[PDB]
Amino acid sequence: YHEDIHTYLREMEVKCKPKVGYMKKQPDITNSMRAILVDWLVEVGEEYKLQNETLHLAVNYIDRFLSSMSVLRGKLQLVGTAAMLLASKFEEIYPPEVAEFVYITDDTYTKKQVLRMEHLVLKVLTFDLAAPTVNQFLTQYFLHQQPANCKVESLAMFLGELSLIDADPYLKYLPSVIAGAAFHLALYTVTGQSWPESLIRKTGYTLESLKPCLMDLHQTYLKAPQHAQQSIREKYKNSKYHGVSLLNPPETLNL
Amino acid sequence: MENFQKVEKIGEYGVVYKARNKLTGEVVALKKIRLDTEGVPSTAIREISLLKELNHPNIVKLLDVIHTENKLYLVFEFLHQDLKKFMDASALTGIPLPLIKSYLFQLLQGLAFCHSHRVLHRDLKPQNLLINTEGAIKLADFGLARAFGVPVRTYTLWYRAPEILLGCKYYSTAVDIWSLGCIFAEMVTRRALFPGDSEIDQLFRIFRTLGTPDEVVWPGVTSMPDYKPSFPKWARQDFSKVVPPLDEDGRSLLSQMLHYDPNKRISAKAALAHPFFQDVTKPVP
Amino acid sequence: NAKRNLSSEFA
């Protein structure tokens with residue numbers, strides 16, 4: 001059922017894919033504002049001990065909602081909070097209470113506003129909260145990784161999490177493509193190994209198919225310390241993730 | 001809701017009613033959730049987000065969601081009754097073996113459809129298996145269902161897998177199969193296979209019926225959070241005594257479906273190819 | 001530092 005699960009994920013990531021370049025149609029918020037929102041969402045997820053999949057789902061919900069709706073400057077953080085609440089309800093065993101999110105928003109939006117925006121997000125997404133994320137594909141990729149290296153998985157997760165910061169240029173790539181690029185980049189960084197043939201057969205993504213995404217992720221990884229938003233790097237500066245964020249990105253990717 | 005006329009109340013997730021659509025004329029189930037401090041419940045959110053991704057004949061098909069500000073309505077296809085009521089009514093005499101085989105085949109087809117997707121039921125029990133008068137059984141009550149695209153960490157008691165009882169960390173698909181296996185026994189003996197009273201009483205009943213889990217049968221029992229060395233050294237009961245009416249093929253299928261090892265426990269796709277299902281029909285109930 | 005009012009930082 002694993003291959004069928006991966007096939008279903010590949011089929012579903014297209015339907016759940018947010019509109020490419022939705023920030024152009026947004027009259028008030030920009031890519032930098034979304035990056036700040038994702039930074040704050042990473043900080044909240046570490047504050048409440050939420051899973052990485054929860055943050056990935058929340059980012060997907062924000063992207064789809066802003067693709068299908070227009071949000072002003074003030075309500076962007078409310079949209080992010082509602083998406084985080086929905087992702088925690090869907091994925092986490094015990095979602096944080098709405099009062100907890102209201103508190104973490106520095107008492108900006110009340111409980112009623114948070115619940116109303118949650119209702120709006122649920123209506124816009126038509127209760128399609130099962131969007132495949134980078135984590136879901138990365139786990140399946142790890143299942144086809146030999147040998148099981150913890151640093152490889154930690155660095156792949158770190159790169160996938162970094163890819164959530166900038167919509168440009170990461171919303172033009174499928175979540176499977178981003179996960180494959182992250183896995184290959186991590187494998188080359190820590191182990192010096194290329195894209196495995198097992199994943200070549202399983203996914204159909206050859207090394208040259210991920211080359212644009214791979215180069216984009218390498219550019220982001222090289223400039224990760226200089227990035228304005230640093231929540232993910234601090235989060236992956238912990239023994240839980242083997243401190244992969246402190247690793248030096250490879251200077252040249254031999255492609 | 002304005003186009004739905006509640007005919008009766010069938011159950012008490014929130015209360016569920018049997019209603020009629022004034023336009024199409026079909027009879028539907030109209031489960032309602034009172035949206036209050038927490039908003040839409042996690043159970044309802046997961047049920048709507050996963051049941052709408054599952055379009056299978058052997059699965060209750062949620063077809064409309066009236067999501068208002070004060071209440072959330074889920075419109076499922078109306079089935080005549082659940083498997084619990086059918087088993088209770090047919091308690092004087094055993095359920096016909098072809099009917100049992102057909103019901104198990106449809107249940108395993110639904111489970112295989114769920115596991116081909118990334119939906120884990122985790123609430124497989126006769127109260128959640130609806131039956132129509134055309135002799136078709138369907139999975140329902142997906143409020144406790146979780147999507148296992150990433151591994152799902154552990155949080156009724158009778159249909160709980162032994163792995164969950166021994167402090168399992170991540171939910172596997174086998175926890176569903178085990179539950180189905182229990183239902184299988186409950187369809188053959190008209191009795192719950194493991195009617196446990198507590199989390200340790202259920203474990204003792206399972207150990208009595210299938211033997212205490214040694215490391216040879218299930219590698220890794222000793223290094224489990226809820227496993228205790230002070231466990232009686234029971235012997236596995238012969239499946240003839242456990243399920244008398246079940247044939248050799250049925251007994252083998254139940255033995256493979258109640259395997260202690262979650263990894264080695266048979267899957268729905270593999271169970272659908274068992275020789276027990278070589279004579280499957282579709283009898284009416 | 002998760003407790004932030006992002007409206008000020010957005011502008």
# chains A, B, ... in the order shown; residues from 1 in each chain; ligands from 1

$ interface_residues --of "chain B" --to "chain A" --cutoff "8 Å" --atoms "only C-alpha atoms" --output "PyMOL selection string"
chain B and resi 37-42+45-46+48-50+67+69+115-118+146-147+149-150+153+155+269

$ interface_residues --of "chain C" --to "chain A" --cutoff "7 Å" --atoms "only C-alpha atoms" --output "number ranges by chain"
C: 2-7, 10

$ residues_around --residues "residue 282 in chain B" --least-positions-apart "3" --cutoff "12 Å" --atoms "only C-alpha atoms" --output "list in words"
residues 96, 97, 98, 99, 100, 101, 102, 103, 104, 105, 106, 133, 134, 135, 136, 137, 277, 279 and 285 of chain B

$ write_last_selection --atoms "C-alpha atoms" --output "PDB file, in the first residue's frame"
ATOM      1  CA  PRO B  96     -25.202 -17.250   7.314  1.00  0.00           C
ATOM      2  CA  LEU B  97     -21.625 -18.070   6.368  1.00  0.00           C
ATOM      3  CA  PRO B  98     -21.918 -16.694   2.786  1.00  0.00           C
ATOM      4  CA  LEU B  99     -23.304 -13.471   4.269  1.00  0.00           C
ATOM      5  CA  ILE B 100     -20.410 -13.335   6.748  1.00  0.00           C
ATOM      6  CA  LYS B 101     -17.940 -13.871   3.903  1.00  0.00           C
ATOM      7  CA  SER B 102     -19.553 -11.141   1.793  1.00  0.00           C
ATOM      8  CA  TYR B 103     -19.568  -8.700   4.715  1.00  0.00           C
ATOM      9  CA  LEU B 104     -15.910  -9.408   5.491  1.00  0.00           C
ATOM     10  CA  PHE B 105     -15.004  -9.048   1.806  1.00  0.00           C
ATOM     11  CA  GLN B 106     -16.698  -5.646   1.590  1.00  0.00           C
ATOM     12  CA  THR B 133     -30.954  -3.723   2.512  1.00  0.00           C
ATOM     13  CA  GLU B 134     -29.011  -4.604  -0.670  1.00  0.00           C
ATOM     14  CA  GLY B 135     -26.536  -6.645   1.388  1.00  0.00           C
ATOM     15  CA  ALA B 136     -23.686  -4.112   1.313  1.00  0.00           C
ATOM     16  CA  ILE B 137     -21.666  -3.075   4.374  1.00  0.00           C
ATOM     17  CA  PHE B 277     -12.711 -15.477  -0.487  1.00  0.00           C
ATOM     18  CA  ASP B 279     -16.539 -18.294  -3.147  1.00  0.00           C
ATOM     19  CA  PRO B 285     -29.434  -9.618   4.919  1.00  0.00           C
TER      20      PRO B 285
END

$ residues_around --residues "residue 87 in chain B" --least-positions-apart "3" --cutoff "10 Å" --atoms "only C-alpha atoms" --output "list in words"
residues 82, 83, 84, 90, 91, 92, 93, 94, 95, 126, 186, 187, 188, 190 and 191 of chain B

$ select_by_dssp --residues "range 160-252 of chain B" --states "helix (DSSP H, G or I)" --output "PyMOL selection string"
chain B and resi 162-165+174-188+201-210+239-242+248-252

$ write_last_selection --atoms "N, CA, C and O atoms" --output "short mmCIF file (atom, residue, chain, number, x, y, z; two decimals), in the first residue's frame"
data_model
loop_
_atom_site.label_atom_id
_atom_site.label_comp_id
_atom_site.auth_asym_id
_atom_site.auth_seq_id
_atom_site.Cartn_x
_atom_site.Cartn_y
_atom_site.Cartn_z
N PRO B 162 -3.36 -5.34 20.22
CA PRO B 162 -2.43 -5.55 21.34
C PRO B 162 -1.25 -4.60 21.32
O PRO B 162 -0.67 -4.33 22.38
N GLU B 163 -0.86 -4.10 20.15
CA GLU B 163 0.23 -3.13 20.09
C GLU B 163 -0.13 -1.84 20.81
O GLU B 163 0.68 -1.29 21.56
N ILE B 164 -1.36 -1.36 20.62
CA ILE B 164 -1.80 -0.14 21.30
C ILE B 164 -1.85 -0.36 22.80
O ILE B 164 -1.55 0.54 23.59
N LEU B 165 -2.23 -1.57 23.23
CA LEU B 165 -2.26 -1.88 24.65
C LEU B 165 -0.86 -1.93 25.24
O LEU B 165 -0.67 -1.56 26.41
N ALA B 174 -2.18 -1.99 10.77
CA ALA B 174 -2.60 -3.26 11.34
C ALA B 174 -3.64 -3.08 12.44
O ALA B 174 -4.49 -3.95 12.64
N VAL B 175 -3.61 -1.94 13.14
CA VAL B 175 -4.59 -1.70 14.20
C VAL B 175 -6.00 -1.73 13.64
O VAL B 175 -6.95 -2.10 14.35
N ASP B 176 -6.18 -1.35 12.38
CA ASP B 176 -7.49 -1.51 11.75
C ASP B 176 -7.79 -2.97 11.49
O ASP B 176 -8.86 -3.47 11.86
N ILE B 177 -6.83 -3.70 10.90
CA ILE B 177 -7.06 -5.09 10.52
C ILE B 177 -7.46 -5.91 11.74
O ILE B 177 -8.47 -6.63 11.71
N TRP B 178 -6.71 -5.77 12.83
CA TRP B 178 -7.05 -6.45 14.07
C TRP B 178 -8.51 -6.21 14.44
O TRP B 178 -9.26 -7.15 14.70
N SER B 179 -8.93 -4.94 14.42
CA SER B 179 -10.32 -4.63 14.75
C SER B 179 -11.26 -5.40 13.84
O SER B 179 -12.18 -6.08 14.32
N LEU B 180 -11.01 -5.36 12.53
CA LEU B 180 -11.83 -6.12 11.60
C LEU B 180 -11.84 -7.60 11.97
O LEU B 180 -12.90 -8.23 12.02
N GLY B 181 -10.66 -8.15 12.30
CA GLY B 181 -10.61 -9.54 12.71
C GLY B 181 -11.52 -9.81 13.89
O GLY B 181 -12.28 -10.78 13.88
N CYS B 182 -11.51 -8.92 14.89
CA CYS B 182 -12.40 -9.09 16.02
C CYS B 182 -13.85 -9.11 15.55
O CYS B 182 -14.62 -10.00 15.92
N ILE B 183 -14.21 -8.17 14.68
CA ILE B 183 -15.57 -8.15 14.14
C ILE B 183 -15.86 -9.46 13.44
O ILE B 183 -16.96 -10.03 13.59
N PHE B 184 -14.88 -9.99 12.71
CA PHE B 184 -15.04 -11.29 12.07
C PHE B 184 -15.48 -12.33 13.09
O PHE B 184 -16.50 -13.00 12.92
N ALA B 185 -14.75 -12.42 14.21
CA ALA B 185 -15.13 -13.37 15.25
C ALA B 185 -16.52 -13.04 15.79
O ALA B 185 -17.34 -13.94 15.99
N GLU B 186 -16.80 -11.76 15.99
CA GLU B 186 -18.11 -11.37 16.51
C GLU B 186 -19.22 -11.71 15.54
O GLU B 186 -20.38 -11.81 15.95
N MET B 187 -18.90 -11.90 14.26
CA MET B 187 -19.91 -12.31 13.29
C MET B 187 -20.09 -13.82 13.23
O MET B 187 -21.11 -14.29 12.71
N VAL B 188 -19.15 -14.60 13.77
CA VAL B 188 -19.20 -16.05 13.69
C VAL B 188 -19.69 -16.66 15.00
O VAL B 188 -20.43 -17.66 14.98
N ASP B 201 -7.43 -6.03 31.70
CA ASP B 201 -8.33 -7.16 31.53
C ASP B 201 -8.45 -7.55 30.06
O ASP B 201 -8.46 -8.74 29.73
N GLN B 202 -8.54 -6.56 29.18
CA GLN B 202 -8.56 -6.83 27.74
C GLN B 202 -7.27 -7.51 27.30
O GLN B 202 -7.29 -8.46 26.51
N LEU B 203 -6.13 -7.03 27.82
CA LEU B 203 -4.85 -7.65 27.50
C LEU B 203 -4.80 -9.09 27.96
O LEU B 203 -4.32 -9.97 27.23
N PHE B 204 -5.29 -9.37 29.17
CA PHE B 204 -5.30 -10.73 29.68
C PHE B 204 -6.22 -11.62 28.85
O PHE B 204 -5.89 -12.79 28.61
N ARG B 205 -7.37 -11.10 28.43
CA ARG B 205 -8.26 -11.89 27.58
C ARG B 205 -7.61 -12.21 26.24
O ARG B 205 -7.71 -13.35 25.75
N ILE B 206 -6.95 -11.23 25.63
CA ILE B 206 -6.26 -11.47 24.37
C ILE B 206 -5.15 -12.50 24.56
O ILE B 206 -4.96 -13.39 23.72
N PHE B 207 -4.40 -12.40 25.65
CA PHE B 207 -3.33 -13.36 25.92
C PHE B 207 -3.89 -14.75 26.15
O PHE B 207 -3.28 -15.75 25.74
N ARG B 208 -5.03 -14.86 26.84
CA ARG B 208 -5.65 -16.16 27.05
C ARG B 208 -6.11 -16.77 25.73
O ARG B 208 -5.93 -17.97 25.50
N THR B 209 -6.69 -15.95 24.84
CA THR B 209 -7.23 -16.49 23.60
C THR B 209 -6.13 -16.86 22.61
O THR B 209 -6.19 -17.93 21.99
N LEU B 210 -5.12 -16.01 22.46
CA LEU B 210 -4.10 -16.20 21.44
C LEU B 210 -2.73 -16.56 22.01
O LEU B 210 -1.76 -16.63 21.26
N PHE B 239 -7.70 -22.61 17.34
CA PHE B 239 -8.71 -21.78 16.70
C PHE B 239 -10.02 -22.51 16.47
O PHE B 239 -11.04 -21.87 16.23
N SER B 240 -10.01 -23.85 16.53
CA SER B 240 -11.27 -24.59 16.46
C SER B 240 -12.16 -24.24 17.64
O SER B 240 -13.38 -24.07 17.48
N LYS B 241 -11.58 -24.14 18.84
CA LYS B 241 -12.36 -23.75 20.01
C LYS B 241 -12.75 -22.28 19.94
O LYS B 241 -13.85 -21.90 20.37
N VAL B 242 -11.86 -21.43 19.42
CA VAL B 242 -12.13 -20.00 19.37
C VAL B 242 -13.28 -19.70 18.41
O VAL B 242 -14.22 -18.98 18.75
N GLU B 248 -11.71 -24.14 7.71
CA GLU B 248 -10.25 -24.09 7.73
C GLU B 248 -9.73 -22.79 7.13
O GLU B 248 -8.85 -22.14 7.69
N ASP B 249 -10.28 -22.40 5.97
CA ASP B 249 -9.85 -21.15 5.34
C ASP B 249 -10.19 -19.95 6.21
O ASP B 249 -9.38 -19.03 6.37
N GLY B 250 -11.39 -19.93 6.79
CA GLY B 250 -11.76 -18.84 7.68
C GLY B 250 -10.89 -18.79 8.92
O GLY B 250 -10.50 -17.71 9.37
N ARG B 251 -10.58 -19.95 9.50
CA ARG B 251 -9.71 -19.98 10.67
C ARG B 251 -8.31 -19.49 10.34
O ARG B 251 -7.71 -18.74 11.12
N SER B 252 -7.79 -19.88 9.18
CA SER B 252 -6.47 -19.39 8.76
C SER B 252 -6.49 -17.89 8.53
O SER B 252 -5.54 -17.18 8.90
#

$ residues_around --residues "residue 220 in chain B" --least-positions-apart "3" --cutoff "12 Å" --atoms "only C-alpha atoms" --output "list in words"
residues 163, 166, 167, 168, 213, 214, 215, 216, 217, 223, 224, 225, 227, 260, 261, 262 and 263 of chain B

$ write_last_selection --atoms "C-alpha atoms" --output "JSON list (two decimals), in the first residue's frame"
[["chain", "number", "residue", "atom", "x", "y", "z"],
["B", 163, "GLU", "CA", 0.23, -3.13, 20.09],
["B", 166, "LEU", "CA", 1.52, -2.41, 24.96],
["B", 167, "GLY", "CA", 2.35, 1.30, 24.77],
["B", 168, "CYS", "CA", 2.74, 1.62, 21.01],
["B", 213, "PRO", "CA", 3.33, -12.91, 23.18],
["B", 214, "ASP", "CA", 6.81, -14.37, 23.35],
["B", 215, "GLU", "CA", 9.78, -12.74, 21.63],
["B", 216, "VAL", "CA", 9.85, -15.54, 19.03],
["B", 217, "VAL", "CA", 6.26, -14.92, 17.90],
["B", 223, "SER", "CA", 11.05, -3.58, 25.16],
["B", 224, "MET", "CA", 7.60, -2.00, 25.24],
["B", 225, "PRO", "CA", 6.34, 0.74, 27.58],
["B", 227, "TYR", "CA", 4.57, -4.65, 28.82],
["B", 260, "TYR", "CA", 0.53, -10.21, 17.32],
["B", 261, "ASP", "CA", 3.29, -8.59, 15.26],
["B", 262, "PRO", "CA", 1.92, -5.39, 13.66],
["B", 263, "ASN", "CA", 4.43, -5.76, 10.81]]

$ atom_distance --atom1 "CA of residue 268 in chain B" --atom2 "CA of residue 112 in chain B"
4.9 Å

$ closest_residue --among "A:157, A:207, A:134, A:253" --to "residue 189 in chain A" --atoms "only C-alpha atoms"
A:253

$ residues_around --residues "range 146-154 of chain A" --least-positions-apart "4" --cutoff "6 Å" --atoms "only C-alpha atoms" --output "ChimeraX atom specification"
/A:186-187,241

$ write_last_selection --atoms "N, CA and C atoms" --output "short mmCIF file (atom, residue, chain, number, x, y, z; two decimals), in the first residue's frame"
data_model
loop_
_atom_site.label_atom_id
_atom_site.label_comp_id
_atom_site.auth_asym_id
_atom_site.auth_seq_id
_atom_site.Cartn_x
_atom_site.Cartn_y
_atom_site.Cartn_z
N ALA A 186 20.61 17.29 0.83
CA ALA A 186 21.10 16.80 2.11
C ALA A 186 22.06 15.63 1.93
N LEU A 187 21.70 14.69 1.06
CA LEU A 187 22.54 13.52 0.83
C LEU A 187 23.91 13.92 0.30
N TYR A 241 17.52 17.99 16.14
CA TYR A 241 17.73 17.90 14.70
C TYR A 241 19.20 17.75 14.34
#
